[PDB]
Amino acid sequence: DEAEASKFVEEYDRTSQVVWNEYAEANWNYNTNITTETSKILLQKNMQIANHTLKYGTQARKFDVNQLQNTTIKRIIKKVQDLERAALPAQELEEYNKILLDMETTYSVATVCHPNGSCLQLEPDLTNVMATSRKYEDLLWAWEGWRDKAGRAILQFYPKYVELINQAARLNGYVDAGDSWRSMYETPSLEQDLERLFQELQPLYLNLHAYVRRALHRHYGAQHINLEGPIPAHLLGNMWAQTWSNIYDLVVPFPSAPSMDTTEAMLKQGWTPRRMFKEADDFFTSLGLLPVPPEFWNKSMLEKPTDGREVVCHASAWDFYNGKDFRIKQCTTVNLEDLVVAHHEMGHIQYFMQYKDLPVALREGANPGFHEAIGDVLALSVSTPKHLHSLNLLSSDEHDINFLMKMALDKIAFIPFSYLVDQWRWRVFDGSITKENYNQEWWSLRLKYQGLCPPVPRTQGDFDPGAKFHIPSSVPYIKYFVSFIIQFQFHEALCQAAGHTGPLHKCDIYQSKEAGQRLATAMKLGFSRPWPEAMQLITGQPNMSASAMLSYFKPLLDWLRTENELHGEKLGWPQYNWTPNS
């Protein structure tokens, strides 16, 4: 009956609030202080939430979903029918929980040491080396070292992780874990749509790639860069070469039009991690969106502890499922990179606050890409020279191309990377890639999509995917690719709503109530409606589209084409088998 389904959903919501709140606190503690005690209590509260999930999941499966009138109730019960890991038998569930914890801990505590003495952590030590070093061998030491210590140490867990996560997926009606992850977008054409979006960004990426390769040839020498081949993976200023902004100094289009060092300016003007988040909060409220509760400032970990405690430094935002307690956990360094990250995380909080009155089962983004996009949209306006000057962090066509380049190194370079991560994982989950070929197929995709090669030939036992946080942490990655496409669509739509005219990249939406209103109406929908509805609320149309991102970067595309043609660059990497001779 229709009445029994409504009652079930009401009972689910009530009991879920209590249990999910309890789990959130226990998960917070392990992430903020990795010990043996906190690892145990997390696993005990893990079985508690699994107990609830199993109880209500089993009940939900007794309801005939498609023979149910109300669409909101129908949708909730359908989601509760997916038990996820709680579908595993007790022994497999215990093993699976143990593996995830083991992989995450291994990643978190891995260090790279000189035999002399000094041991380096990923953050900030190895990250800093990757960002600042302009010495080929020193970059190699950190690049290889991190893979040797973190990547290699994840390999022993991964095949069993794959087995158990696929099993849980099959027990919930999917064919494998990748199938289950993709289903979050509720879009049959997902794979085709993403491929077309990626293809639309080829002219821009290939031109950026060719230009950067030429600049690296200039700095690192003709003997170490093949102008028709892939770029060695350790030279892009980032451990994973996923964003390239840290090598801006090597690639600046107009060196005679330099801008202020914002990181130096932040440190100069005494910018605290707490000020960085206060500024993000101001931007949201300027748009007419919600301020963070007083409780947020009291309970968030906005900086790496000087206590010397082992933490998960990876930046994340937290919903405690009571509509009052929201937190950010971040090991914040004072720079521009983390100022954008601060807006990114505050975007998650805004989303939490906006949909807090919905049933717990519908308290997520329209799709995972939406949750990731919100903060980045505001950060786009923040990053403009106009806005950076109003923050006293900065003091012509040449400055224009320079700024666009800086943006391109982050936003454009990230496209092929964010695309490839789950292209790899989907093929691991569906069985196309076995443990014999994990690493080799990872590098095939790094070549195919990003046009990169490893500086050092990989050996048996290498598991370079393991050296990227989201792999041992089992966090789906395709959302970041969606985010980067759609955030430019949102920027474009909000800029139109704010009455901005002229080049899209010149837009700053600060204080625009019309912009804030479009985001608010979409964000309040939570997961209650198919994502194209939220897309239509923001942009006036229902599709994902790369046209906004292309429009944003159009002046840079023109510049890159002229510059690359001038030097006769080959677009792409026709000599695709080239690897460093060293």
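So that there is no doubt, residue numbering starts at 1 and follows the sequence shown.
Unmodelled residues of the deposited sequence between neighbouring positions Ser395 and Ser396 number 4 to 9. Annotation for 31 to 39 versus 530 to 538: the higher mean temperature factor (C-alpha) is found in 31 to 39. Set 324 to 332 against 161 to 169 and average the Cα temperature factors; 324 to 332 ends up higher. Out of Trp559, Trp20, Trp573, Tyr12, the entry records its largest CA B-factor for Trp20.
Across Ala110, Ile154, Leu139, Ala317, the greatest Cα temperature factor reported in the deposited entry is at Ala317. When the modelled residues of the chain are ordered by their C-alpha B factor, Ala373 lands in the lowest third. The deposited CA B-factor of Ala87 belongs to the middle third of values across its chain. For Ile349, the recorded CA B-factor ranks within the middle third of the chain. Only modelled residues enter the ranking. Sort the chain's modelled residues by C-alpha temperature factor and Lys268 lands in the highest third, per the entry.
In the PDB entry, a CA B factor belonging to the middle third of its chain's modelled residues is recorded for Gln81.
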